[PDB]
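Asks: For reference, the structure I am asking about is given below.
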Amino acid sequence: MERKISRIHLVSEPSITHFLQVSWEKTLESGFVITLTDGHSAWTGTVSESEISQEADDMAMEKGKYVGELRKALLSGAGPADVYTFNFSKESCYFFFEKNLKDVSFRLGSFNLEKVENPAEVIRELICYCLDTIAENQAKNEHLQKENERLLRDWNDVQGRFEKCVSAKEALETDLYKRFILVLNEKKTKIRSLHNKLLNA
Amino acid sequence: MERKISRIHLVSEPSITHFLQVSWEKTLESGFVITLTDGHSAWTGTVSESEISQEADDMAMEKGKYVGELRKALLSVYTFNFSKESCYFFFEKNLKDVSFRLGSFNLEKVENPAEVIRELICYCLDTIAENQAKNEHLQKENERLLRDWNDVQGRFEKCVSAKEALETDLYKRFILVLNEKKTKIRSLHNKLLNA
Amino acid sequence: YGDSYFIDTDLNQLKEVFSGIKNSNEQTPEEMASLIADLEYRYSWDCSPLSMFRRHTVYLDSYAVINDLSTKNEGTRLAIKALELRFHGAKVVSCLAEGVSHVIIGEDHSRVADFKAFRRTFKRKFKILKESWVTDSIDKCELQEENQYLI
């Protein structure tokens, strides 16, 4: 349902560019379909009871360390420092995901591939999903730029409000104290005057 | 240099899909090139200078019906009738009591299947990379600005609360002393009057 | 208290007298604010340029729905409006009672229909000013004189 666009370039034939597009489906436990494209031909994958059973009983992974290897080998998750020789044999129509780990070639990657049911259902999906991804990238870019502008303006407004409130407090303490002093002094003067009048009443 | 993306709805037949992909470059003031590619069979034809000035002069109406229509066609309904036996692309604008022909761009067909696919691959890869990088810069930018906004909101709130508390307790103390003085004034008036 | 009829108390002495008097909570906020307003109006102290919204309990209708806790307006400027209102002393309320005499909606002023309907119903003719007036407390940062209220 989704196409994972990953930057990859062939080494044997730089002119011909193939994509190691591991477009894993949702609920990977149910299964996945591999997607290799060249311009005119594609390939897919199938999941069977025997295939699941052999995947479970051959590699024998129970709480292992294969998730990182899947992410680096299939999705090119490793940094651009080590080149991965994931060369798909165009003439042989055979994709062997052999691991060239320090120039040691074990018999690791050898599994069958299934004939594509329809190249259209993947070519159209890729050419529409690329445009959709670009469009949503532009949309989120614009929306987050607008949010950035809103954050800047509100931050400046509340910094101004902080300065204003600090000034208001600084003036408020002083003028409140002055008003209190004036009122109390007036009241004391009233008391003094009334007492003076009563002294000779 | 870039490519325009637009969506068109076909009421008649939706089971057949065609996509327009024209790279815009070489501005019209010194000649322009129009390239067409459906993703599988690319037709790269060079247009001529004899179809740029006469398009707005043959029927003698306002030039807006061409410049504005082209501008609003890229920025977003055409009916697609592409003749495979003639390899010429054209479209007619059909309305109610209004019918003005718009598309008269001549195009040819090329034989290279690797140049166009390489261009499309490079375009998609570069667009994905640039939008991902710009977007990531922008999420980080707006998120730490929003953290700064949260911090300034918190400090402003606590400062305003402290100011309000100082005002409130100063008012309380002044009210207490004012009531004390009011009682003193009342007692002194009572002494002056009754006694 | 330390106040004397022969020796006046300066700023520091009055501060010490106030501090010596214990500070606690014995008066309700509504009653204390009402007495403050009455004393300020009795001797013209409400004219301070920093606190004029004590009487004007402006209600901010920041809630579109009533009694629904499943939503939270995050990243909105309603908090900014609340801070602006509380800067001058106005305190906002979220529960409707009989003490609220003003209804103010946010920037969504396209709700003139309910205002028109309520004008015929409610005898309490509300007063609604433009949004520029509240922004004048930040831009102009000045009070509005009574000469503007004329024929």
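We name chains A, B, ... following the order of the structure tokens; residues begin at 1 in each chain, and ligands are numbered from 1 as shown.
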Go through chain A and flag each residue having an atom no more than 12 Å from chain C; for those, report the closest pair of atoms plus their distance in Å to one decimal, using only C-alpha atoms, ordered by chain and rising number, as CSV.

Replies:
```
residue,atom,partner,partner_atom,distance
A:147,CA,C:75,CA,9.5
A:148,CA,C:75,CA,11.6
A:150,CA,C:77,CA,9.6
A:151,CA,C:75,CA,8.9
A:153,CA,C:77,CA,10.9
A:154,CA,C:77,CA,7.9
A:155,CA,C:80,CA,10.1
A:156,CA,C:138,CA,11.6
A:157,CA,C:138,CA,8.4
A:158,CA,C:80,CA,7.6
A:159,CA,C:80,CA,11.3
A:160,CA,C:138,CA,8.1
A:161,CA,C:138,CA,7.6
A:162,CA,C:87,CA,10.0
A:163,CA,C:138,CA,11.2
A:164,CA,C:138,CA,8.8
A:165,CA,C:87,CA,7.1
A:166,CA,C:87,CA,10.6
A:167,CA,C:50,CA,10.0
A:168,CA,C:50,CA,6.5
A:169,CA,C:50,CA,9.1
A:170,CA,C:50,CA,11.3
A:171,CA,C:50,CA,9.3
A:172,CA,C:50,CA,8.0
A:173,CA,C:11,CA,10.8
A:174,CA,C:11,CA,9.0
A:175,CA,C:48,CA,9.6
A:176,CA,C:45,CA,9.8
A:177,CA,C:11,CA,6.9
A:178,CA,C:11,CA,7.8
A:179,CA,C:45,CA,9.0
A:180,CA,C:14,CA,8.9
A:181,CA,C:10,CA,7.5
A:182,CA,C:10,CA,10.4
A:183,CA,C:43,CA,10.0
A:184,CA,C:3,CA,9.0
A:185,CA,C:8,CA,7.6
A:186,CA,C:5,CA,11.0
A:187,CA,C:5,CA,9.9
A:188,CA,C:5,CA,6.2
A:189,CA,C:5,CA,8.1
A:190,CA,C:5,CA,10.4
A:191,CA,C:5,CA,8.2
A:192,CA,C:5,CA,7.2
A:193,CA,C:5,CA,10.9
A:195,CA,C:5,CA,10.8
```

Asks: Keeping N, CA and C atoms, export the residues of the selection given above as a compact mmCIF listing (two decimals), in the first residue's frame.

Replies:
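Output file selection_21.txt is given in full below:
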```
# COMPACT_ATOMS: atom_id res chain seq x y z
N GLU A 147 3.21 27.73 11.53
CA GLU A 147 3.30 27.53 12.98
C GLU A 147 4.54 28.21 13.55
N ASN A 148 5.66 28.16 12.81
CA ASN A 148 6.87 28.83 13.26
C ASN A 148 6.66 30.34 13.36
N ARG A 150 3.75 31.85 13.83
CA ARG A 150 2.86 32.07 14.97
C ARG A 150 3.62 31.99 16.28
N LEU A 151 4.51 31.01 16.41
CA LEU A 151 5.31 30.88 17.63
C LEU A 151 6.21 32.09 17.83
N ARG A 153 5.73 35.21 16.70
CA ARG A 153 4.95 36.39 17.05
C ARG A 153 4.42 36.31 18.48
N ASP A 154 3.94 35.13 18.90
CA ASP A 154 3.42 35.03 20.26
C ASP A 154 4.54 35.11 21.29
N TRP A 155 5.72 34.56 20.98
CA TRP A 155 6.85 34.70 21.89
C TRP A 155 7.25 36.16 22.06
N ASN A 156 7.29 36.92 20.96
CA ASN A 156 7.62 38.34 21.07
C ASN A 156 6.56 39.09 21.85
N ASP A 157 5.28 38.78 21.60
CA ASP A 157 4.20 39.44 22.33
C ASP A 157 4.29 39.17 23.82
N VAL A 158 4.57 37.92 24.21
CA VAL A 158 4.60 37.61 25.63
C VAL A 158 5.90 38.10 26.27
N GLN A 159 6.98 38.24 25.51
CA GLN A 159 8.16 38.91 26.06
C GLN A 159 7.87 40.37 26.35
N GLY A 160 7.18 41.05 25.42
CA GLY A 160 6.74 42.41 25.69
C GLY A 160 5.83 42.48 26.90
N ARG A 161 4.91 41.52 27.02
CA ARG A 161 4.03 41.48 28.18
C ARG A 161 4.80 41.23 29.47
N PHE A 162 5.84 40.40 29.41
CA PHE A 162 6.68 40.17 30.59
C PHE A 162 7.37 41.45 31.02
N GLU A 163 7.94 42.18 30.07
CA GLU A 163 8.57 43.45 30.40
C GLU A 163 7.55 44.43 30.99
N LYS A 164 6.37 44.50 30.37
CA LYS A 164 5.33 45.41 30.85
C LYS A 164 4.88 45.04 32.26
N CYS A 165 4.73 43.75 32.54
CA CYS A 165 4.27 43.33 33.86
C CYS A 165 5.34 43.55 34.92
N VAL A 166 6.62 43.36 34.56
CA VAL A 166 7.69 43.66 35.50
C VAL A 166 7.69 45.15 35.84
N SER A 167 7.56 46.00 34.81
CA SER A 167 7.49 47.43 35.05
C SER A 167 6.26 47.80 35.88
N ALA A 168 5.13 47.16 35.60
CA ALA A 168 3.90 47.43 36.34
C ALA A 168 4.05 47.06 37.80
N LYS A 169 4.67 45.92 38.09
CA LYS A 169 4.91 45.53 39.48
C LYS A 169 5.85 46.51 40.17
N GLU A 170 6.93 46.91 39.48
CA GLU A 170 7.91 47.80 40.09
C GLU A 170 7.30 49.16 40.41
N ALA A 171 6.46 49.68 39.52
CA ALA A 171 5.77 50.94 39.80
C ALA A 171 4.64 50.76 40.81
N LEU A 172 4.00 49.59 40.81
CA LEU A 172 2.84 49.35 41.65
C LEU A 172 3.24 49.27 43.12
N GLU A 173 4.32 48.56 43.43
CA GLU A 173 4.76 48.51 44.82
C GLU A 173 5.04 49.91 45.35
N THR A 174 5.77 50.72 44.58
CA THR A 174 6.15 52.05 45.04
C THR A 174 4.95 52.96 45.20
N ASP A 175 4.08 53.02 44.18
CA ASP A 175 2.96 53.95 44.27
C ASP A 175 1.91 53.48 45.27
N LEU A 176 1.75 52.17 45.44
CA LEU A 176 0.87 51.66 46.49
C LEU A 176 1.39 52.05 47.86
N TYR A 177 2.70 51.88 48.09
CA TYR A 177 3.26 52.28 49.37
C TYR A 177 3.10 53.78 49.60
N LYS A 178 3.33 54.58 48.56
CA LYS A 178 3.19 56.03 48.70
C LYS A 178 1.75 56.42 49.02
N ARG A 179 0.78 55.81 48.32
CA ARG A 179 -0.62 56.09 48.61
C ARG A 179 -0.99 55.67 50.02
N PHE A 180 -0.50 54.51 50.46
CA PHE A 180 -0.79 54.06 51.81
C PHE A 180 -0.22 55.03 52.84
N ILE A 181 1.01 55.49 52.61
CA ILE A 181 1.63 56.45 53.52
C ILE A 181 0.82 57.74 53.56
N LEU A 182 0.40 58.23 52.39
CA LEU A 182 -0.38 59.47 52.35
C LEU A 182 -1.69 59.32 53.11
N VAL A 183 -2.40 58.21 52.87
CA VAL A 183 -3.69 58.01 53.52
C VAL A 183 -3.52 57.89 55.03
N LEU A 184 -2.53 57.11 55.47
CA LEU A 184 -2.31 56.94 56.90
C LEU A 184 -1.86 58.23 57.56
N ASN A 185 -1.02 59.02 56.88
CA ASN A 185 -0.61 60.31 57.43
C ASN A 185 -1.79 61.26 57.54
N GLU A 186 -2.67 61.27 56.53
CA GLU A 186 -3.87 62.09 56.61
C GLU A 186 -4.75 61.66 57.78
N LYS A 187 -4.91 60.35 57.97
CA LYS A 187 -5.73 59.85 59.06
C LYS A 187 -5.12 60.21 60.41
N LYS A 188 -3.79 60.12 60.51
CA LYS A 188 -3.11 60.52 61.74
C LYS A 188 -3.29 62.01 62.00
N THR A 189 -3.25 62.82 60.94
CA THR A 189 -3.48 64.25 61.10
C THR A 189 -4.91 64.52 61.56
N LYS A 190 -5.87 63.77 61.03
CA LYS A 190 -7.26 63.90 61.48
C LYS A 190 -7.37 63.56 62.96
N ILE A 191 -6.72 62.48 63.38
CA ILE A 191 -6.73 62.10 64.79
C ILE A 191 -6.10 63.19 65.65
N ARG A 192 -4.97 63.73 65.21
CA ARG A 192 -4.30 64.78 65.97
C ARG A 192 -5.18 66.01 66.09
N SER A 193 -5.84 66.40 65.00
CA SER A 193 -6.71 67.57 65.03
C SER A 193 -7.90 67.35 65.95
N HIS A 195 -8.11 65.28 68.49
CA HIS A 195 -7.61 65.27 69.86
C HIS A 195 -7.31 66.68 70.35
```

Asks: What residues in chain B have any atom no more than 6 Å from chain A when counting only C-alpha atoms, and can you write them as a PyMOL selection string?

Replies: chain B and resi 135+142+149+156+163+192

Asks: Let's have the selection written as a CSV table (one decimal), in the first residue's frame, with N, CA and C atoms.

Replies:
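Printed below is again29.csv as written:
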```csv
chain,number,residue,atom,x,y,z
B,135,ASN,N,12.1,19.9,5.7
B,135,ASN,CA,11.0,19.5,6.7
B,135,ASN,C,11.7,19.3,8.0
B,142,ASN,N,10.7,24.7,14.7
B,142,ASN,CA,9.5,25.1,15.4
B,142,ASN,C,9.4,24.4,16.7
B,149,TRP,N,8.7,29.1,23.7
B,149,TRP,CA,7.4,29.7,24.0
B,149,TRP,C,6.8,29.1,25.3
B,156,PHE,N,6.3,34.0,32.5
B,156,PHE,CA,5.4,35.1,32.6
B,156,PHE,C,4.2,34.8,33.5
B,163,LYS,N,3.4,39.0,41.2
B,163,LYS,CA,2.9,40.4,41.2
B,163,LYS,C,1.6,40.5,41.8
B,192,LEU,N,-15.0,62.7,71.6
B,192,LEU,CA,-15.3,64.1,71.4
B,192,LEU,C,-16.7,64.5,71.6
```

Asks: Enumerate the residues of stretch 37-103 of chain B with a DSSP assignment of alpha helix (DSSP H), computed from the backbone, and present them as a list in words.

Replies: residues 64, 65, 66, 67, 68, 69, 70, 71, 72, 73 and 74 of chain B

Asks: With distances taken over only C-alpha atoms, which of C:13, C:132, C:70, C:23 is nearest to chain B?

Replies: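 Nearest candidate to chain B out of C:13, C:132, C:70, C:23: C:23.
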
Asks: Find the spatial neighbours of residue C:99, counting only C-alpha atoms, within a cut-off of 10 Å - ignore same-chain residues fewer than 3 positions away - and output them as a list in words.

Replies: residues 57, 96 and 102 of chain C

Asks: With a cut-off of 9 Å and counting only C-alpha atoms, select all residues of chain C in contact with chain B and give the selection as a PDB file with N, CA, C and O atoms, in the first residue's frame.

Replies:
```
ATOM      1  N   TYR C   1      -0.728  49.096  66.754  1.00  0.00           N
ATOM      2  CA  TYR C   1       0.429  48.689  65.980  1.00  0.00           C
ATOM      3  C   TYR C   1       1.536  49.729  66.133  1.00  0.00           C
ATOM      4  O   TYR C   1       1.415  50.689  66.904  1.00  0.00           O
ATOM      5  N   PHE C  18       3.817  46.379  58.444  1.00  0.00           N
ATOM      6  CA  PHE C  18       3.012  45.419  57.697  1.00  0.00           C
ATOM      7  C   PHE C  18       3.518  43.996  57.890  1.00  0.00           C
ATOM      8  O   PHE C  18       2.723  43.067  58.071  1.00  0.00           O
ATOM      9  N   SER C  19       4.839  43.803  57.846  1.00  0.00           N
ATOM     10  CA  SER C  19       5.394  42.463  58.009  1.00  0.00           C
ATOM     11  C   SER C  19       5.122  41.921  59.406  1.00  0.00           C
ATOM     12  O   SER C  19       4.830  40.731  59.572  1.00  0.00           O
ATOM     13  N   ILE C  21       2.559  42.525  61.232  1.00  0.00           N
ATOM     14  CA  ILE C  21       1.186  42.044  61.181  1.00  0.00           C
ATOM     15  C   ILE C  21       1.165  40.751  60.377  1.00  0.00           C
ATOM     16  O   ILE C  21       1.572  40.723  59.210  1.00  0.00           O
ATOM     17  N   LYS C  22       0.704  39.672  61.005  1.00  0.00           N
ATOM     18  CA  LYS C  22       0.692  38.378  60.340  1.00  0.00           C
ATOM     19  C   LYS C  22      -0.225  38.414  59.125  1.00  0.00           C
ATOM     20  O   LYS C  22      -1.267  39.076  59.129  1.00  0.00           O
ATOM     21  N   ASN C  23       0.176  37.706  58.076  1.00  0.00           N
ATOM     22  CA  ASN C  23      -0.575  37.644  56.831  1.00  0.00           C
ATOM     23  C   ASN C  23      -1.160  36.247  56.680  1.00  0.00           C
ATOM     24  O   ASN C  23      -0.425  35.254  56.734  1.00  0.00           O
ATOM     25  N   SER C  24      -2.474  36.173  56.494  1.00  0.00           N
ATOM     26  CA  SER C  24      -3.164  34.902  56.320  1.00  0.00           C
ATOM     27  C   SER C  24      -4.365  35.132  55.412  1.00  0.00           C
ATOM     28  O   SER C  24      -4.509  36.194  54.800  1.00  0.00           O
ATOM     29  N   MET C  32     -13.162  40.579  49.391  1.00  0.00           N
ATOM     30  CA  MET C  32     -11.975  41.423  49.481  1.00  0.00           C
ATOM     31  C   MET C  32     -11.827  42.296  48.239  1.00  0.00           C
ATOM     32  O   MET C  32     -11.514  43.489  48.346  1.00  0.00           O
ATOM     33  N   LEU C  35     -14.514  45.100  48.479  1.00  0.00           N
ATOM     34  CA  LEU C  35     -14.108  46.164  49.392  1.00  0.00           C
ATOM     35  C   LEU C  35     -12.978  46.998  48.802  1.00  0.00           C
ATOM     36  O   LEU C  35     -12.952  48.224  48.967  1.00  0.00           O
ATOM     37  N   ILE C  36     -12.036  46.353  48.110  1.00  0.00           N
ATOM     38  CA  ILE C  36     -10.970  47.098  47.448  1.00  0.00           C
ATOM     39  C   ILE C  36     -11.553  48.062  46.428  1.00  0.00           C
ATOM     40  O   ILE C  36     -11.174  49.238  46.374  1.00  0.00           O
ATOM     41  N   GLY C  75      -1.673  24.905  22.152  1.00  0.00           N
ATOM     42  CA  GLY C  75      -1.021  25.809  21.226  1.00  0.00           C
ATOM     43  C   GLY C  75      -1.879  26.957  20.752  1.00  0.00           C
ATOM     44  O   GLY C  75      -1.575  27.564  19.719  1.00  0.00           O
ATOM     45  N   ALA C  79      -4.688  31.342  26.023  1.00  0.00           N
ATOM     46  CA  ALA C  79      -3.866  31.590  27.202  1.00  0.00           C
ATOM     47  C   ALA C  79      -3.299  33.004  27.187  1.00  0.00           C
ATOM     48  O   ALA C  79      -3.195  33.651  28.237  1.00  0.00           O
ATOM     49  N   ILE C  80      -2.923  33.500  26.006  1.00  0.00           N
ATOM     50  CA  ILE C  80      -2.431  34.870  25.896  1.00  0.00           C
ATOM     51  C   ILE C  80      -3.523  35.856  26.288  1.00  0.00           C
ATOM     52  O   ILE C  80      -3.271  36.839  26.996  1.00  0.00           O
ATOM     53  N   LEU C  83      -3.902  35.804  30.046  1.00  0.00           N
ATOM     54  CA  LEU C  83      -2.826  36.558  30.682  1.00  0.00           C
ATOM     55  C   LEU C  83      -3.047  38.058  30.544  1.00  0.00           C
ATOM     56  O   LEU C  83      -2.815  38.818  31.494  1.00  0.00           O
ATOM     57  N   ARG C  86      -5.801  39.010  33.009  1.00  0.00           N
ATOM     58  CA  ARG C  86      -5.366  38.960  34.399  1.00  0.00           C
ATOM     59  C   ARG C  86      -4.252  39.951  34.710  1.00  0.00           C
ATOM     60  O   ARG C  86      -3.962  40.176  35.890  1.00  0.00           O
ATOM     61  N   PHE C  87      -3.622  40.540  33.691  1.00  0.00           N
ATOM     62  CA  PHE C  87      -2.628  41.576  33.945  1.00  0.00           C
ATOM     63  C   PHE C  87      -3.248  42.795  34.615  1.00  0.00           C
ATOM     64  O   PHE C  87      -2.638  43.385  35.513  1.00  0.00           O
ATOM     65  N   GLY C  89      -6.080  42.738  36.327  1.00  0.00           N
ATOM     66  CA  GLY C  89      -6.849  42.305  37.478  1.00  0.00           C
ATOM     67  C   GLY C  89      -8.103  41.524  37.145  1.00  0.00           C
ATOM     68  O   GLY C  89      -8.686  40.903  38.044  1.00  0.00           O
TER      69      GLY C  89
END
```

Asks: Near stretch 94-97 of chain A, within 9 Å and counting only C-alpha atoms, which residues show up once chain neighbours fewer than 6 positions away are dropped, as a VMD selection string?

Replies: chain A and resid 73 to 74 85 to 88 108 to 113

Asks: May I have the selected residues written with N, CA and C atoms, as a short mmCIF file (atom, residue, chain, number, x, y, z; two decimals), in the first residue's frame?

Replies:
```cif
data_model
loop_
_atom_site.label_atom_id
_atom_site.label_comp_id
_atom_site.auth_asym_id
_atom_site.auth_seq_id
_atom_site.Cartn_x
_atom_site.Cartn_y
_atom_site.Cartn_z
N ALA A 73 20.51 -3.91 5.56
CA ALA A 73 20.71 -4.59 4.29
C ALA A 73 19.61 -4.26 3.29
N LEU A 74 18.36 -4.25 3.75
CA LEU A 74 17.23 -4.10 2.84
C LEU A 74 16.91 -2.63 2.56
N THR A 85 27.01 -4.24 -1.88
CA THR A 85 26.96 -4.78 -3.24
C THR A 85 25.69 -5.61 -3.41
N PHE A 86 24.56 -4.91 -3.37
CA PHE A 86 23.25 -5.52 -3.62
C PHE A 86 22.97 -5.43 -5.11
N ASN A 87 23.70 -6.23 -5.89
CA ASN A 87 23.57 -6.25 -7.34
C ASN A 87 22.53 -7.29 -7.73
N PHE A 88 21.48 -6.85 -8.40
CA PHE A 88 20.43 -7.73 -8.89
C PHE A 88 20.79 -8.18 -10.30
N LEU A 108 24.18 -17.49 2.25
CA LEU A 108 23.16 -16.88 3.09
C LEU A 108 21.89 -16.55 2.31
N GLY A 109 22.02 -15.71 1.28
CA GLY A 109 20.85 -15.23 0.57
C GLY A 109 20.56 -15.99 -0.71
N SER A 110 19.60 -16.92 -0.64
CA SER A 110 19.15 -17.66 -1.82
C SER A 110 17.71 -18.10 -1.56
N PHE A 111 16.76 -17.35 -2.11
CA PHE A 111 15.35 -17.67 -2.00
C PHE A 111 14.67 -17.40 -3.33
N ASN A 112 13.59 -18.14 -3.58
CA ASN A 112 12.88 -18.03 -4.85
C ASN A 112 12.11 -16.72 -4.95
N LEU A 113 11.87 -16.29 -6.18
CA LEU A 113 11.06 -15.13 -6.48
C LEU A 113 9.84 -15.56 -7.28
#
```

Asks: Find the distance between atom CA of residue C:112 and atom CA of residue C:66 and write it in Å to one decimal.

Replies: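 Atom CA of residue C:66 lies at a distance of 19.9 Å from atom CA of residue C:112.
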
Asks: Step one, run DSSP on the backbone; step two, keep only residues of chain B assigned to strand (DSSP E); then write them as a ChimeraX atom specification.

Replies: /B:2-3,23-24,34-37,42-45,92-94,99-101
